[PDB]
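Quick heads-up: it's one chain on its own, the form deposited in one PDB entry, in structure tokens.
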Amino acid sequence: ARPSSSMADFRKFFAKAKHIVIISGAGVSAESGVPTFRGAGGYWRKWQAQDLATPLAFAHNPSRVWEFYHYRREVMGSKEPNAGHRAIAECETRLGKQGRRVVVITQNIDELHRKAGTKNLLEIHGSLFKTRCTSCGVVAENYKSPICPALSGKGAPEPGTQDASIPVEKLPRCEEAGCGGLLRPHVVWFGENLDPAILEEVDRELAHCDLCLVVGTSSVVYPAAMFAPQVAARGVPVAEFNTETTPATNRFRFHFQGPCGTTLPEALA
């Protein structure tokens, strides 16, 4: 039960596909210089990213979690879309002129698909550059560097860096009149459900698609890891683009090895 590595055969499906869903994970941004969760980039100070991206973490030490998110926002400041992001964006524009739909369902919070020009984007895990008020619930875009003055020069990643220990009053706060609630990043933490509206949107896309790509993702985090398998179970061809095999590889019709910045321009031409 094993995937094909034939691009020519994938291209035969691609030529006819009317409704393509492209699922991405951190590997799509690796060639932009954005750290992944797997490997060495997935550590900040002595923690793993899945240690800090939790409601318990935030409740216990919101300064520490904000220092972590600050660091990621600042990392992003210099980063640009790569050839894989661009191929995806250009594909959507080209096919759209022909009446054919391409939609990107990303786990990423890095906004690089946006910067590349993707329009049909579902950020299923939220965005590094939005806030949500824990008091009022308002969602706001926020690209400020630093997001608050007390985080200026904070966030360094090296193990043994002292906690900034910023009092909650000096962490990012809501600016709505009379609120002043503590902000959090408008991201999905481990242990938190996705937004129901997002689940519904995904469900509609997967049920309607006739071709699916699964790009740069380890296929370990749920529910997102369920998505491409479900499409394959329907009998729809799924093509995995990854520098390695994953637990999901053998569920799919195709496996294209190598950096997606190389393979996606070729696939989506």
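Think of the rigid core as the biggest set of C-alphas that the two forms share within 1.5 Å after superposition. The first residue of the shown sequence is 1; numbering continues from there.
Keep in mind the form deposited in another entry is missing from the figure; the text below concerns it.
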Item to check | Option from 36, 54, 230, 63 moving between the shown form and the other one, CA shift at or above 2 Å, rigid core reference | outcome: 36
Checklist outcome for this item: Under comparison with the form shown, the C-alpha atoms of residue 38 and residue 163 in the other form shift by 3 angstroms or more, placing them closer
Checklist outcome for this item: Working note: in the other form the C-alpha atoms of residue 45 and residue 37, off by 3 Å or more, come closer
